[PDB]
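Data block below; observations after.
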Amino acid sequence: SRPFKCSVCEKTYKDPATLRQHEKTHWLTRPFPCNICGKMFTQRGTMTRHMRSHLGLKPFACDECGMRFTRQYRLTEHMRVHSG
DNA sequence: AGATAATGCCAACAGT
DNA sequence: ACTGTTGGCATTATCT
Ligand SMILES: [Zn+2]
Ligand SMILES: [Zn+2]
Ligand SMILES: [Zn+2]
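Numbering of the first sequence is given in our numbering, commencing with residue 130 and proceeding in unit increments.
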């Protein structure tokens, strides 16, 4: 089952390790706000990356597959499918 | 060299 | 089940 539950919100998890991994979220120190939406972040790079997502179209794309990716390394990993 | 910005990895999560 | 997303976070790249 999932006996372990978050104290802050109504969530449940199988084991204490994943429980703590979730429960830390409610208490992290986030000093970096996004000027678009009031969402907070721990590192400024994370905040700027989030700001990227507020743009409608997803920036990165595949030259051959014609897909759309939010982040550079995801496009790089997708490029591995064309090993020939 | 020291401070700050970007990026890659990872786990949690969610659309299909 | 598959595979995209997200934010956190350590590490790397760029700026001063
Ligand atoms: Zn919670
Ligand atoms: Zn925002
Ligand atoms: Zn492709």
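Each residue gets a CB set at the ideal place from its N, CA and C atoms; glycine is no exception.
(request) Kindly indicate which three-state DSSP category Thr141 falls into: helix, strand or coil? (result) When DSSP states are grouped into helix, strand and coil, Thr141 belongs to the strand group.
(request) Grab me the residues of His183's own chain with a C-beta within less than 6 Å of its C-beta, minus the 5 sequence neighbours each way, in chain order. (result) Setting aside the 5 residues that flank it on each side, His183 is surrounded in the same chain by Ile165, each with a C-beta closer than 6 Å to its C-beta; the list follows chain order.
(request) Keeping to the same chain, check which residues put their C-beta closer than 7 Å to that of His179; ignore five residues upstream and five downstream. (result) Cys163, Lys168, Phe170, listed in sequence order.
(message) Rounded to whole angstroms, what is the Cα-Cα separation between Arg181 and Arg203?
(response) Looking at the backbone, the Cα of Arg181 and that of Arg203 are separated by about 15 Å.
(message) Please output, in chain order, the residues near ligand 2 using a CB cut-off of less than 7 Å to any non-hydrogen atom of the ligand.
(response) Per the CB criterion, closer than 7 Å to any heavy atom of ligand 2, the qualifying residues run in chain order as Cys163, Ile165, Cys166, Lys168, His179, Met180, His183.
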